[PDB]
Number of protein chains: 2
Amino acid sequence: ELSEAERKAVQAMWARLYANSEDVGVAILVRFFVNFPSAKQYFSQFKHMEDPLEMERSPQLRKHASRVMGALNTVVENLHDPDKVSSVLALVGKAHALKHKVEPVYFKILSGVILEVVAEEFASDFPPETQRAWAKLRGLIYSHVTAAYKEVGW
Amino acid sequence: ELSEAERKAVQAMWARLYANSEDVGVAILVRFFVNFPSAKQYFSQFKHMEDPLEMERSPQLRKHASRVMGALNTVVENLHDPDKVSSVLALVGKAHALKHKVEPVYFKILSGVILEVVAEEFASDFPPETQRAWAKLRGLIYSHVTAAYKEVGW
Ligand code: HEM
Ligand code: HEM
């Protein structure tokens, strides 16, 4: 559903984020886990953290961030190829249904946190056209992930 | 569930906020709706809106900001009366379940947007102990509303 311009606009914003990838990744997760403590129950090495400075150093915190960014990157780079995005987003879907038993609405919650951070850090580089492209990428991530949860039971 | 020092902390911050409750309520609802566009399905008058500048002028949006600020202001003033806070929250949660047919997860979500925005208002002065007084208030709101939804068969 993404146009060529919307594609290019996502890839171009993404390149700015991922220039400072782990810094952005951990800002995203720290805002996520602070504002939604319930999401942090799934992570056995920091279910018990409350102080954001401590989250901004927790081993298994910056692991999830680095490999989360890494898998999202794999999506953005391959937006020219819808077969490739489908395949990736199902692996992420299935893994989270099966391996970590995460309620699928948390994807929706985390995407809203991703959006707010991108809006803060790159307000000036975020015109209506990009806001649209980002929104469509978000719905796509959520749809494919949601389907990979149905395909497996849930 | 909430300590006396903690109630005074929440009442101090809230009072400073209520002096400008019009813009604070709208700031919160607009962030809510931009960051979680699916929460707009329930409001037929904005909903077709994407621009935050447009959203802050929508009367359905801004009526609902006052409703939200008003209910939350009578939870905060009555934190000495745990039976009063509890009754007000049951009512909001019973009403939104039955009349407004709103999925209870959006209360999780909006609570986190409220927290995000309090945290940005008092960024200069927001030490760990005020943080968690707000987080305790937050969870109190959420579980009381959730308990009402359970009470009516949802
Ligand atoms: C854009 C959406 C997401 C992406 C791309 C993503 C990516 C990943 C990846 C690549 C891994 C490592 C491989 C694996 O364990 O399967 C992982 C681990 C994990 N994720 Fe996600 N994730 C996302 C959303 C979420 C959400 C919303 C939660 C709920 C809190 C969550 C909870 C977890 C947990 C508990 C682990 C295990 C960490 C560990 O075992 O050390 N994920 N994630
Ligand atoms: C602390 C959280 C909330 C409070 C205190 C609150 C309070 C209120 C109040 C007082 C009203 C006026 C009607 C009535 O008395 O029930 C109202 C209307 C309404 N609310 Fe909420 N609300 C909250 C959260 C939400 C959320 C998260 C949603 C959507 C996801 C929502 C959806 C609606 C809708 C659809 C209406 C009526 C729409 C209209 O005809 O204007 N509310 N709310």
Side-chain angles (χ1 to χ4, degrees), chain A residues 25 28-29 32-33 36-47 58-76 88-89 91-114 137-138 140-142 144-145 148, chain B residues 25 28-29 32-33 36-47 58-76 88-114 137-138 140-142 144-145:
Chain A
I28 287 152
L29 300 197
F32 175 53
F33 293 134
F36 301 95
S38 59
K40 108 196 138 189
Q41 100 204 36
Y42 297 112
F43 301 77
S44 76
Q45 271 322 271
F46 57 88
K47 50 195 181 221
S58 160
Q60 229 102 81
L61 193 316
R62 317 222 335 167
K63 179 209 233 150
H64 183 235
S66 163
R67 196 117 129 265
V68 169
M69 293 284 104
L72 280 181
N73 185 49
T74 293
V75 180
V76 160
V88 172
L89 286 174
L91 240 31
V92 175
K94 269 133 99 207
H96 285 91
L98 290 188
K99 200 184 240 196
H100 349 319
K101 302 170 284 213
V102 180
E103 299 268 282
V105 286
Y106 287 106
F107 284 81
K108 184 133 109 66
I109 289 170
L110 188 60
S111 285
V113 169
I114 292 172
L137 180 74
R138 174 195 182 154
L140 179 134
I141 289 179
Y142 193 53
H144 281 239
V145 162
Chain B
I28 297 157
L29 242 40
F32 182 45
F33 286 122
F36 299 96
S38 81
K40 304 190 297 209
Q41 63 202 113
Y42 305 117
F43 299 84
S44 72
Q45 304 287 109
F46 54 101
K47 172 171 79 66
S58 156
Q60 228 217 314
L61 180 140
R62 112 190 323 263
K63 174 170 146 236
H64 181 231
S66 280
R67 266 78 240 279
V68 179
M69 290 310 267
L72 263 11
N73 172 91
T74 106
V75 176
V76 168
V88 168
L89 290 163
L91 249 303
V92 165
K94 202 149 141 199
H96 286 70
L98 302 164
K99 276 83 203 112
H100 305 135
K101 242 216 193 64
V102 176
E103 259 183 26
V105 78
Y106 288 102
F107 278 87
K108 184 180 262 182
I109 300 179
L110 175 69
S111 287
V113 179
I114 293 162
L137 171 60
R138 181 265 182 88
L140 185 45
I141 290 160
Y142 183 59
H144 265 5
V145 170

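Each chain gets a letter, A, B and so on, in the order the sequences are listed, and its residues count up from 1. Counting convention: from 1, in listed order, for ligands and their atoms alike.
For ligand 2, the atoms lying closer than 4.0 Å to a non-hydrogen atom of B:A71 are 5 (C). The atoms of ligand 1 that sit less than 4.0 Å from any heavy atom of A:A95 are 16 (O). Applying the 4.0 Å criterion to heavy atoms of A:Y42 picks out, from ligand 1, the atoms 29 (C), 30 (C), 35 (C).
When all heavy atoms are compared, the tightest approach of A:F36 to A:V113 is CE1-CG2, 4.3 Å. Here the shortest heavy-atom pairing between A:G93 and A:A148 reads CA-CB, 3.9 Å. Considering every non-hydrogen atom in both A:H100 and A:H96, the closest pair reads CD2-CD2, 3.3 Å. The two residues B:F32 and B:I109 make their nearest non-hydrogen contact at CE1-CG2, 3.8 Å. When all heavy atoms of A:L89 and A:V145 are compared, the closest pair comes out as O-CG2, 3.8 Å.
Within 4.0 Å of atom 27 (C) of ligand 1, at least one protein heavy atom is present. Closer than 4.0 Å to atom 39 (C) of ligand 1 lies none of the heavy atoms of the protein. There is no protein heavy atom closer than 4.0 angstrom to atom 15 (O) of ligand 2.
Contacts with ligand 1 closer than 4.0 Å are made by heavy atoms of both the backbone and the side chain of A:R67. Contact annotation: for A:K63 versus ligand 1, heavy atoms closer than 4.0 Å belong to the side chain alone.
B:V92 CG1, 3.7 Å is the protein heavy atom nearest to atom 4 (C) of ligand 2. At the shortest separation from atom 1 (C) of ligand 2 among protein heavy atoms lies B:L72 CD1, 3.9 Å. Ranking protein heavy atoms by distance to atom 33 (C) of ligand 2, first place goes to B:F43 CZ, 3.3 Å. Of the protein's non-hydrogen atoms, the one nearest atom 29 (C) of ligand 1 is A:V102 CG1, 3.3 Å. Residue, atom and distance of the protein heavy atom nearest to atom 2 (C) of ligand 2 are B:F107 CE2, 3.4 Å. Of the protein's heavy atoms, B:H100 CE1, 3.7 Å lies nearest to atom 13 (C) of ligand 2.
In this structure, A:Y42 and A:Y106 have perpendicular ring planes: the angle between them is above 60°, well past the 30° mark. Ring-plane geometry between A:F33 and A:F43 is classed as perpendicular, the angle between the planes exceeding 60 degrees on a 0 to 90 degree scale with a lower cut at 30.
Using a 4.0 Å cutoff on heavy atoms, A:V68 counts as a contact of ligand 1.
For atom 21 (Fe) of ligand 2, the nearest non-hydrogen atom from the set B:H96, B:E103, B:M69 belongs to B:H96. Looking at A:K99, A:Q60, A:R138 and measuring to atom 41 (O) of ligand 1, the nearest heavy atom belongs to A:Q60.
In terms of polar-atom proximity, A:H64 is counted as a contact of ligand 1, with an N or O under 3.5 Å from an N or O of the ligand. Annotation: A:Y106 places no N or O atom under 3.5 Å from an N or O atom of ligand 1; distance criterion only.
Annotation for B:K94: atom NZ does not count as buried by contact number, only 12 or fewer foreign heavy atoms lying within 6.0 Å.
Without hydrogens or angle criteria, B:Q60 side chain to B:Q45 main chain gives a donor-acceptor distance under 3.5 Å. In terms of modelled atom types and a separation under 3.5 Å, the side chain of A:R138 and the main chain of A:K108 share a donor-acceptor contact. For A:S111 (side chain) and A:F107 (main-chain N/O), a donor-acceptor pair under 3.5 Å exists by modelled atom type.
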